[PDB]
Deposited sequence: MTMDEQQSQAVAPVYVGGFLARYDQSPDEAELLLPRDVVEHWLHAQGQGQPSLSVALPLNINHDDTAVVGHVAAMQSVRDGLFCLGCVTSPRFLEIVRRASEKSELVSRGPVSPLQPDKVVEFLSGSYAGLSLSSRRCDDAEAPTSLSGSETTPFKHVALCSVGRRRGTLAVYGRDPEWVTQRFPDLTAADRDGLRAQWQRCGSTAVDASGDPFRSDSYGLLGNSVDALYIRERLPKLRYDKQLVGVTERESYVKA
């Protein structure tokens, strides 16, 4: 069944080395790690809120979700389940573990990836778009209202392509520290959601 993913594509409060002006001023396909052959759904809602540009998208691709379903069966991480009462959900848990970040490149597309280059880009997956938008404390009911108004198979890749992808991720320096920072920056916690990092 479909899985929703939401999170900030950018945070107005982080500089480093997409201001609200350019942004608020500027549907989109949802793909895996910027691969045009790995489109898994589309962005459903995009809201320029106080602390950043928030987005909600849905993973629809049956092909992709089947690959993910099989793979999740052979994962100790997902077998280790969630944090009860949280209902154990294999596909959501695998996706949370693998593609824990969001990358926007509104513009061209949104990519699900292991960690986003921009901080604050944690991805939260859930079966209900309402539930998802609720993990983020920075969203007001007005924000949640604006996004709520907004909210064949395009996947041309396979398990080998996803596997070749996983190895690259193993060598992303600082990935876990980054995810934990993102997780605290945006207000979500391993306890309320399906976040693995």
Quiz item: Could you give the ranges of the deposited sequence that carry no C-alpha coordinates?
Solution: 1-11, 29-33, 43-55, 135-153, 200-210
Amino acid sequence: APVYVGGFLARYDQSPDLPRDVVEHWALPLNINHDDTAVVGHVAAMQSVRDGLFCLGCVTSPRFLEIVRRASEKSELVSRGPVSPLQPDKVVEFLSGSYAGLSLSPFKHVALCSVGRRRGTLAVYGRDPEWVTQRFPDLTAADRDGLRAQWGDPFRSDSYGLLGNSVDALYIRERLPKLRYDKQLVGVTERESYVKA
From here on, numbers count along this sequence of modelled residues.
Practice problem: Can you let me know which of the two, 30-38 or 154-162, has the higher average C-alpha B-factor in the entry? | Solution: 30-38
Quiz item: Looking only at CA atoms, which has the higher mean B factor in the entry: 8-16 or 171-179?
Solution: 8-16
Quiz item: Based on the PDB record, which member of 72, 121, 105, 96 exhibits the highest Cα temperature factor?
Solution: 105
Exercise. Check the PDB entry and point out which of 117, 80, 127, 90 has the largest C-alpha temperature factor.
Key: 80
Quiz item: What third of its chain's C-alpha B-factors does residue 62 belong to: lowest, middle or highest?
Solution: middle
Exercise. Grab the CA temperature factor for residue 56 from the record and place it in the lowest, middle or highest third of its chain.
Key: lowest
Practice problem: Compare the C-alpha B factor of residue 44 with those of the other modelled residues in its chain, then answer lowest, middle or highest third. | Solution: middle
Quiz item: So where's residue 110 on the chain's Cα temperature factor ranking, which third?
Solution: middle
Quiz item: Hey, what third does residue 3 fall into on Cα B-factor, ranked over its chain?
Solution: lowest
